[PDB]
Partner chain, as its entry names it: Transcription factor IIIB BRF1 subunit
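We begin with a single chain expressed as structure tokens, specifically the form solved without its partner chain.
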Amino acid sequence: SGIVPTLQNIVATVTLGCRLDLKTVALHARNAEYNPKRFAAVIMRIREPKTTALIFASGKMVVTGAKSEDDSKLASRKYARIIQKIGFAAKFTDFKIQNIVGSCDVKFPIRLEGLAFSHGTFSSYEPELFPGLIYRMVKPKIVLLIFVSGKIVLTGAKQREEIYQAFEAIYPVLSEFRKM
């Protein structure tokens, strides 16, 4: 082994606590998009940490694109400050990470059909529909996308340890189904 998964995307939610006028928000922000007809939220962005926020009239906000939990909270506080600077009585509350995505490379090809047959109740593999095997782990409850190349995607985690836990648990199985 020796491989440890790399975090790729962190999704979080934040309650600003006050109602927002989206045209005002979009108008005053330096990096905003807002087309009511397409989606009901201002799509705001900041350069550091590089992230994207979906800002709603209710004052709720979704922050995505961060590569670390630190970066997620940091960028979230920053978006909240922007809203304040524009003039609303916003508050940075209820910061919570909802989804963590990770990925790695085991460095060997995998026999997906064998794995799907062996771990049938957790696996779903339809190569004509999507080339990767969808593995639904029980403990921890994580979803893994397994590819012939040996590249692995882990998602559905609320905490970093779950990403790490799942990979540790899957590695022996990937080894059992290697090609070379």
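Residue numbers count along the first chain shown, from 1.
Heads up, the form deposited with its partner chain bound isn't pictured, but that's what we're talking about next.
K.L.:
Taking heavy atoms and a 4.5 Å cut-off, does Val106 contact its partner chain in the entry with it bound?
P.N.:
It does not: once its partner chain is placed as it appears in the entry with it bound, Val106 has no heavy atom within 4.5 Å of it.
K.L.:
Please run the contact check for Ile110 against its partner chain in the entry with it bound: heavy atoms, 4.5 angstroms, yes or no?
P.N.:
Residue-level check for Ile110: no, no contact with its partner chain.
K.L.:
Taking its partner chain as it sits in the entry with it bound, is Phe88 in contact with it (heavy atom to heavy atom, 4.5 Å or less)?
P.N.:
It does not: once its partner chain is placed as it appears in the entry with it bound, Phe88 has no heavy atom within 4.5 Å of it.
K.L.:
Using the partner position in the entry with it bound, report whether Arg19 sits within 4.5 Å of its partner chain, counting heavy atoms only.
P.N.:
So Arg19 does not count as contacting its partner chain.
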